[PDB]
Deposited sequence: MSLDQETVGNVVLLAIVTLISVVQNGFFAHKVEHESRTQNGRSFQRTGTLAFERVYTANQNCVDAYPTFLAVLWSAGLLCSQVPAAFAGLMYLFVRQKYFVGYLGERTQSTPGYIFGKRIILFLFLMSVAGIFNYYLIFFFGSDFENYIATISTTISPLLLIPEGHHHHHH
């Protein structure tokens, strides 16, 4: 329903979000599959490994999505989207590592890079805003100075 110009600024970010959704579903399926071989949080050693891995991924996901969209909207879409893809590859390798484990946190540098893009984007906005208001006051001061000349 949104306009053509807006969608073009977010389409790549949407694609990566949607792929991350497929991955979320894959992780969730692996939890379901290992639970079947009533649902509890405790069980077989194999189940607890998958459940933990999934939980570790779920915990970090809203953070990832927040920095993905911040970076993609405020800074530049392509690099953010590419880093978003890189995150998903790292997620996959992290999750598979538990199916043998790695620690609690993963993909620190990608989240950091996306966070850095978001800060760079906010600084960029303010540089343009202060430039715009500096240009506005410059015209308004001249208009008062040039005021008697045009009569």
| property | result |
| --- | --- |
| Coordinate gaps, deposited numbering | 1, 39 to 42, 106 to 110, 162 to 171 |
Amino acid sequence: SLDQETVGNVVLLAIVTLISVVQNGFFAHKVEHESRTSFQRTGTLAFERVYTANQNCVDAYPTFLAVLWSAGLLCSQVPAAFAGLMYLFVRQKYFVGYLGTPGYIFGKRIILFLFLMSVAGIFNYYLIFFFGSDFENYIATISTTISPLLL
From here on, numbers count along this sequence of modelled residues.
property: Between 40 to 48 and 23 to 31 (mean CA B-factor, as deposited), the higher; result: 40 to 48
property: Mean C-alpha B-factor comparison - 113 to 121 and 61 to 69, higher one; result: 113 to 121
property: B-factor third for the C-alpha atom of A14 within its chain; result: lowest
property: Cα B factor band for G84 (lowest, middle or highest third within the chain); result: lowest
property: Where the record places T101 (Cα B-factor, split into thirds across the chain); result: highest
